[PDB]
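Spelled out from the first residue to the last, the chains are:
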Amino acid sequence: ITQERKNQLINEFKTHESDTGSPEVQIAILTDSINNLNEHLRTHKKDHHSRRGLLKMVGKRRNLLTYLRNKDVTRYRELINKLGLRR
Amino acid sequence: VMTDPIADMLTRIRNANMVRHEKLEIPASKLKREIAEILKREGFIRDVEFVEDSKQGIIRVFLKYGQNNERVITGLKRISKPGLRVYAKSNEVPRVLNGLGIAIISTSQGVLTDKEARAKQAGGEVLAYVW
Amino acid sequence: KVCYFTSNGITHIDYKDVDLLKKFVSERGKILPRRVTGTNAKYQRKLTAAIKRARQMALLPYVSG
Amino acid sequence: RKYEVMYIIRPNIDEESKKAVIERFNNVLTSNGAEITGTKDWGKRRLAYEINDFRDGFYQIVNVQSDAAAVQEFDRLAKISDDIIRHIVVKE
RNA sequence: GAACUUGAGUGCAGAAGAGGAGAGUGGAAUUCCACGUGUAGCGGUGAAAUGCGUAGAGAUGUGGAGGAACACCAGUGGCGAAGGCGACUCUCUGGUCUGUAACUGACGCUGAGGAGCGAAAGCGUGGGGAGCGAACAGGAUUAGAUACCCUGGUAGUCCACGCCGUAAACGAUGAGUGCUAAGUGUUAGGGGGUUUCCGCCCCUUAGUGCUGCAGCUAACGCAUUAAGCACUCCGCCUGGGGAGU
């Protein structure tokens, strides 16, 4: 994940000017990493070590989504639409 | 992660006591502070200071040793634990070391010793033994 | 002994600098150990990479004879 | 990103051929969206050991800034050519 | 329900690393092939023999073919969850550590069942095959020798895909958290103290070793990397065989 792409994501999803810690922001960064990493694994199918990194990312994302849904259901629903998640 | 702050505070005292430290600093909470106050009133610790800060505060406890550097607190046990709560009836409130020690019960009247709670015919959660 | 690179303020060891590199290889071409040359741990690793690059590019020998 | 390409031209060529080689391969790098920051030429040095029965060669040192694609293309062509006897791409 | 920032995470700034996958490249050495020089043994053992050699061996020089592994560096050194990872270069890619206090504000821990990974041997299909080498053959040894030793040598070791899912898979030590003398090496950082520096000294994190209080242990020993003091969750034990049947 390049730095300019990351700046796009954080600005697009941040809840306010200085916000970088919000669930929304974190889930956006993770979602790109997860998608980006999936593409790498499609070619390097046997890279089991890297894949373990993906599994932690997937767990982190689920926990942030679970937190958001329980905190404020509205915010949660908006985010999964913008990101196109099935959750 | 931290699961029983009360137990952790008791252990800080037990460990510090074991090596005859003069003072120890415990991160504060309302319930831990009440327990500390009982220990002073009952003469198990010398003094207790409450230091404020941005965070949750610190309890500085000064331990108490007799002549010959003898430890006043012989032992501390956590009774009620996060994994298995212990509630006592008014008449079943335990005496500790045959009345030579105290038990700290959380009641709707407050956080009392065994003796105090017994006089009020009140029960509740048995937090710890101290002897 | 003291590390040559920390003394002289050498931040970047380079495989091209053959004259410098040659101070760390034996008569036979063996890379001298850190215990014998007094180099810092960090710089021994960087130096080892340089010698291996140099040997690949025919600046240093693999086996002198 | 900054790379340092060093390569060795076989020593049995005239200066005309040499310049031809340098121009050809520098054009390859630039052709693939690189920019050549530096270009040293150590000139004919004595090789530490024989390569393809050659004890000498002309050492070139081209610094460039490029993406993967550009440096990878040099590697492919530098291997195929019989004039360049060794090369190394190195990130700076 | 509303707040808070220490836990946890994000941002920002740095650091090291045989972490992984893919694609290339390099030097040594063994074997084989060709040729020059050259002649009678070479090889092997406790001692021998089998074996190879006048059909020119072994030794020696030049070149070439091919496969496997990466001397020195190299270090109770590093990285990884574990198995494990050590030539160099490039592509893709995971994690950890340090500082910062810009942001979220308990979002955390454990985790039956489940899923994925998991040395070596082994299996299926197809490649590859130098060295090594179960099986096997021969020579010895021996009372015998279905072995140790010697000369050969198949599968295998290697590669792609799939399967197998077991190890003394070990620290014979589950994961998380906090607390409880010191001394001393060593790895990657940060801050400072006299400075161009070097460096010495001081402090601080996070790992990795040794010694050693308190405490623990049947003893041996462990001891801030606990086998100490505590709390949460999981797994497992209940005499030896029968039987991991």
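Here the structure is shown first, and the text comes after it.
**Q** Residue-level account of the packing of aromatic side chains, with values.
**A** When we look at a pair of aromatic rings, we describe it by the centre distance and by the angle of the planes. Scanning the entire structure with this criterion turns up eight aromatic pairs over all chains. Ring geometry for D:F25 and D:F74: centres 5.9 Å apart, planes at 70°, overall edge-to-face. Taken together, the positions of D:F25 in helix α1 (residues 15–31) and D:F74 in helix α2 (residues 68–80) put the pair 49 residues apart, joining distant regions of the chain. When sorted by exposure, D:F25 lands in the same class as D:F74, which is buried. What links up through ring pairs into an aromatic cluster is the set C:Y4, C:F5, C:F24 and C:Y43. Cation over ring: A:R69 sits above A:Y76, and NZ or CZ is 5.9 Å from the ring centre. The ring of D:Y59 has D:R45 lying over it, and the distance from NZ or CZ to the ring centre is 5.9 Å.

**Q** Please provide a residue-by-residue account of the packing of helix α1 (residues 3–13) of chain A against helix α2 (residues 23–43) of chain A, values included.
**A** All names here are of chain A. In the contact formed by α1 and α2, the axes pass within 8 Å of each other and the chain directions differ by 145°. By crossing handedness, the relation of α1 to α2 is classed as right-handed. Together, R5, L9, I10 and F13 of α1 and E24, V25, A28, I29 and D32 of α2 make up the contact between the two elements.

**Q** Explain α2(A) to me, using residue names and the numbers behind them.
**A** Residue and element names in this part refer to chain A. Between its first and last C-alpha, α2 extends 31 Å over 21 residues, near the 30 Å set by a 1.5 Å rise per residue. Buried residues of α2: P23, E24, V25, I27, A28, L30, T31, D32, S33, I34, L37 and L41, and no others. The elements touched by buried residues of α2 are α1, α3 (48–71) and α4 (73–83).

**Q** Requested: an account of the sheet that holds strand β1 (residues 23–27) of chain B, with residues and values cited.
**A** Whenever strands of a sheet pair, they do so through backbone hydrogen bonds, lying parallel or antiparallel. Residues and elements named next belong to chain B. Taken together, the three strands give an open sheet; going across it, the order is β1-β3-β2, and neighbouring strands pair in antiparallel fashion. Where the open sheet ends on each side, the last strands, each with one partner, are β1 and β2 (45–51). Between one strand axis and the next, the sheet turns through 20° on average, direction left out of account. Bridge count for β2 against strand β3 (residues 58–63) is six bridges, and the pairing is antiparallel. Pairing of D47 across the sheet is with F62, part of β3. Strand contacts of helix α1 (residues 5–18): β1 and β3, with the helix running at about 165° to β1, the strand carrying the most contacts.

**Q** For the pairing of strand β1 (residues 2–9) of chain D, give the residues involved together with the corresponding values.
**A** Residue and element names in this part refer to chain D. In terms of burial, β1 is largely enclosed, as seven of its eight residues are buried. Both β1 and strand β3 (residues 54–65) contribute to a ladder of eight bridges, which runs antiparallel. For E4, the partnering residue across the bridge sits in β3 and is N63.

**Q** Quick one: what's the story with the environment of B:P27, residue by residue and with numbers?
**A** Residue and element names in this part refer to chain B. As for its placement among the helices and strands, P27 is situated in strand β1. Judged by relative accessible area, which is 31%, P27 ranks as partly exposed. Beyond its immediate sequence surroundings of up to four residues, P27 is in contact with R12, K32, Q56, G57 and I58.

About the cut-offs
- Residues numbered from 1 in each chain as written, not as in the entry; some residues may be left out.
- Chains lettered and ligands numbered in written order.
- Part of a larger assembly, values for the part shown.
- Heavy atoms only, no water.
- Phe/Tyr/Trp six-rings, centres within 6.5 Å; stacked < 30°, edge-to-face > 60°.
- Helix = DSSP H or I, 4+ residues; strand = E, 2+ residues; numbered from the N terminus.
- Buried < 20%, exposed > 50% of the residue type's maximum accessible area, 1.4 Å probe, protein only.
- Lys NZ or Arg CZ within 6 Å of the ring centre and 35° of its normal.
- Axes fitted to C-alpha atoms, helices over the stretch in contact; angles between N-to-C directions.
- Left-handed = near helix turned anticlockwise from the far one by under 90°.
- Contact = heavy atoms within 4.5 Å.
- Expected span 1.5 Å × (residues − 1).
- Pairing = 2+ DSSP bridges.

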